[PDB]
Amino acid sequence: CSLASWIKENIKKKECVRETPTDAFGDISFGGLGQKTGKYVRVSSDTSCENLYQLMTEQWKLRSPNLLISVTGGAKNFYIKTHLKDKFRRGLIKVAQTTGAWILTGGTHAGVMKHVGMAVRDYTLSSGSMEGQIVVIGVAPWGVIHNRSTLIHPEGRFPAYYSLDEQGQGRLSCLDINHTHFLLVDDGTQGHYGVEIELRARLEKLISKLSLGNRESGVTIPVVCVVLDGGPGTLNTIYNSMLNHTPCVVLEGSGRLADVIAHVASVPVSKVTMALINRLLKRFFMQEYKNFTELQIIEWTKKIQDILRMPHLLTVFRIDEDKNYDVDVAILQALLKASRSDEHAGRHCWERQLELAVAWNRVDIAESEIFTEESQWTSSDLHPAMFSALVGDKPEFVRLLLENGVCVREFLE
Amino acid sequence: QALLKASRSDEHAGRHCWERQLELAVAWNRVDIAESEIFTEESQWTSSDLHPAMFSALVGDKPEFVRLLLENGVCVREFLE
Amino acid sequence: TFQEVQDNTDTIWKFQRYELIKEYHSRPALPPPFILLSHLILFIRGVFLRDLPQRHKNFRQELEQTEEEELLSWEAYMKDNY
Ligand SMILES: Nc1ncnc2c1ncn2[C@@H]1O[C@H](COP(=O)(O)OP(=O)(O)OC[C@H]2O[C@@H](O)[C@H](O)[C@@H]2O)[C@@H](O)[C@H]1O
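Which chain is which? The protein sequence lines are F, R and P, in order.
For the first sequence, the residue numbers in the working numbering are 46 to 458.
For the second sequence, the residue numbers in the working numbering are 11 to 91.
For the third sequence, the residue numbers in the working numbering are 4 to 85.
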């Protein structure tokens, strides 16, 4: 109840449009009596970065991050075969556990958010939840989430109970189960979808610069958007993330909108026309193609060229265990392709990607992409990655760092 | 092959191209053709459709069709329900 | 046969231990001179109010239902990892 002094004195809400101080914040607990409660605060779509920053790291007692990953996908129209779904959750667990990551999504119990939360619950049972709780932060619209009657209160409700309905879901959506934090957003309307996008992108940029002034050098923590497949909203959040230079969108090679960009990303920018995208929309969205306006098609057919304009933020991957290719490979490649073409001359392209390539067992990519023959090295630079490779039993990185310029006489000096 | 090439270019939109060719591809042991030609990546499936071919592949000792139909969308919870 | 029996295994003694464990587990503490003293108490207890409600409590256990699911999920994860 010490946060309640700040949370009714800084953060406002929206009504009627005019703004007022907010309410209806606390800790929600789900159906299981002992399943660990979350923390919910409504913030109505327009707030200061400083107040949200103070909420983010001080009044929720939440430590600094190491790797932010964001998952966008279809809700209420999401279909994937069982084989690809199983390979994706098995890769996403290993991505989410080897690093002290944060994972972010639009948490509502519909589709890809369900497939993320079930992998997170499978791992937190598989881990036993000893220490270092995984943060799965969610951002959902306030208006379209339903049955908030037991949740709206002007004084706080700390053992707040909530039940999954899953029946009255026609124009409203049910809230998810396996998250831990919740930032609900409100535009003053009670029916419209898609409000969350702007604060989602601004929150990504806000999280990205948190690790500054903490250590010796000013290197920002990396962020990655992983898109699986989704309709009109997913293309919007991809474009709104790629407006910010730092996020890097990584696309699955199997889906419906992901197959659209996987087919557009071969031809040059001049080749694509409004007839080609209309042909591909008829081809990939077999059902519900009819419900589309021509003006809405004109909007997408500008969005898609603005996505194809910057080629060093767009990467298509394809999961196959035979060719030794997984999700970590795609994240590492799309993270290395961004930094090499940037305003900075050097000294930041490799520093935080080397430890992340050592934490995962991805030696093969590491050697060519970072240990280019036109580079020069010194052992005092490569000492911490040497320690991290030597403790965690990775002999191949020991073999490689040993001959790229780590001297044992300097290391154990 | 000559039976599958005919039906795909026809007056009907769908729902008859695969129904009688799947059981005939399961009765013979021809899995390799079956997967590409019928289990195209642009298709969508439901376990209640694939139940009889699952039974026919499971009785007559063809493990490869069991392996393939299992991961193309036959749920055991729905099959032995 | 003697050479096949003697050269069969080294795990015969380990298997025997388990044969000892059950009978010397269940039996009351006091030796067979005074075993009727234990029979008097255990016979009097048997017909009045039910005694030893868990007949075997270090071998066979009935897990709580909330624990069971979390237990099975862990070993399914370890099976796939194997
Ligand atoms: N955030 C949502 N939660 C639940 N259902 C939704 C959401 N957004 C849309 N829907 C419903 O799903 C239908 C459209 O589904 P898709 O087109 O497959 O999903 P899309 O509209 O692209 O939205 C993707 C969602 O994921 C997040 O990245 C983002 O916040 C976006 O809301 C619509 O009819 C709508 O009612």
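Think of the CB as a built atom: it goes at the ideal place given N, C-alpha and C, for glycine as much as any other residue.
Item: Quick one: list the residues of chain F neighbouring residue 82 (chain R), beta-carbon separation under 9 angstroms, in chain order.; Value: 126, 127, 128
Item: According to DSSP, is residue 416 (chain F) helix, strand or coil?; Value: coil
Item: Can you list, in chain order, the residues of its chain with a C-beta nearer than 8 angstroms to that of residue 96 (chain F)? Leave out the 5 residues immediately preceding and following it.; Value: 55, 56
Item: Secondary structure at residue 382 (chain F), three-state DSSP: helix, strand or coil?; Value: helix
Item: Out of F:410, F:85, F:456, which one is the CA nearest neighbour of residue 198 (chain F)?; Value: F:85
Item: Would you tell me roughly how many angstroms separate the C-alpha atoms of residue 118 (chain F) and residue 295 (chain F), rounded to the nearest one?; Value: 12 angstroms
Item: Got a sec: is the Cβ-Cβ distance from residue 73 (chain P) to anything in chain F below 8 angstroms?; Value: yes
Item: What residues of chain F sit near residue 80 (chain P), judged by a beta carbon separation below 7 angstroms?; Value: 167, 171
Item: Suppose you measure from the CA of residue 159 (chain F) to the CA of residue 121 (chain F); what does that come to, to the nearest Å?; Value: 11 angstroms
Item: Do the stretch 89-107 of chain F and the stretch 336-353 of chain F meet, that is, are 3 or more Cβ pairs less than 8 angstroms apart?; Value: no
Item: Give me the chain F residues within the contact set of residue 76 (chain P), using Cβ-Cβ distance strictly less than 9 angstroms, ordered along the chain.; Value: 166, 167, 170, 171
Item: Examine ligand 1 and report whether any of its heavy atoms sits within less than 7 angstroms of the Cβ of residue 238 (chain F).; Value: yes
Item: Anything in chain F within Cβ reach of residue 54 (chain R), meaning under 7 angstroms, just list it in chain order.; Value: 124
Item: Could you tell me whether the stretch 270-281 of chain F touches the stretch 388-405 of chain F, using the rule of 3 or more Cβ pairs below 8 angstroms?; Value: no
Item: Output yes or no for whether 8 angstroms exceeds the beta carbon distance between residue 237 (chain F) and residue 188 (chain F).; Value: yes
Item: Taking C-beta to C-beta, are residue 227 (chain F) and residue 136 (chain F) nearer than 8 angstroms?; Value: no
Item: Would you kindly work out how many angstroms separate the C-alpha atoms of residue 88 (chain F) and residue 46 (chain F), rounded to a whole number?; Value: 18 angstroms
Item: Any chance the CB of residue 497 (chain F) is under 7 angstroms from a heavy atom of ligand 1?; Value: Outside the displayed span of chain F (46 to 458) sits residue 497 (chain F), for which this structure offers no information.
Item: Just checking residue 275 (chain F) against ligand 1 - is the residue's beta carbon closer than 7 angstroms to any of the ligand's heavy atoms?; Value: yes
Item: Determine which residues share a DSSP beta bridge with residue 202 (chain F) and list them.; Value: F:71
Item: How would you label residue 300 (chain F), buried or exposed, when you count the other beta carbons within 10 angstroms and need 16 or more for buried?; Value: buried
Item: Have a look at residue 383 (chain F) and residue 394 (chain F) and give me their C-alpha separation to the nearest angstrom.; Value: 9 angstroms
Item: Say yes only if the C-beta of residue 126 (chain F) is nearer than 7 angstroms to one or more non-hydrogen atoms of ligand 1, and no if none qualify.; Value: no
Item: Taking buried to mean at least 16 other C-beta atoms within 10 Å of its own C-beta, is residue 154 (chain F) buried or exposed?; Value: buried
Item: Flag residue 218 (chain F) as yes when its Cβ comes closer than 7 angstroms to any non-hydrogen atom of ligand 1, and as no otherwise.; Value: yes
Item: Counting only runs of 4+ residues fully inside the stretch 205-263 of chain F, write out the alpha helix (DSSP H) ranges in chain order.; Value: 242-253
Item: Beta carbon of residue 79 (chain R), beta carbon of residue 60 (chain R): below 8 angstroms?; Value: yes
Item: Helix, strand or coil: which one does DSSP assign to residue 362 (chain F)?; Value: strand
Item: Apart from the five residues on each side of it in sequence, which residues of its chain come closer than 7 angstroms, Cβ to Cβ, to residue 85 (chain R)?; Value: 57
Item: Look at the alpha carbon of residue 47 (chain P) and the alpha carbon of residue 167 (chain F), and state the distance between them as a whole number of angstroms.; Value: 51 angstroms
Item: Which ranges does the alpha helix (DSSP H) cover as unbroken runs of at least 4 residues, wholly within the stretch 94-124 of chain F, from first to last along the chain?; Value: 94-102
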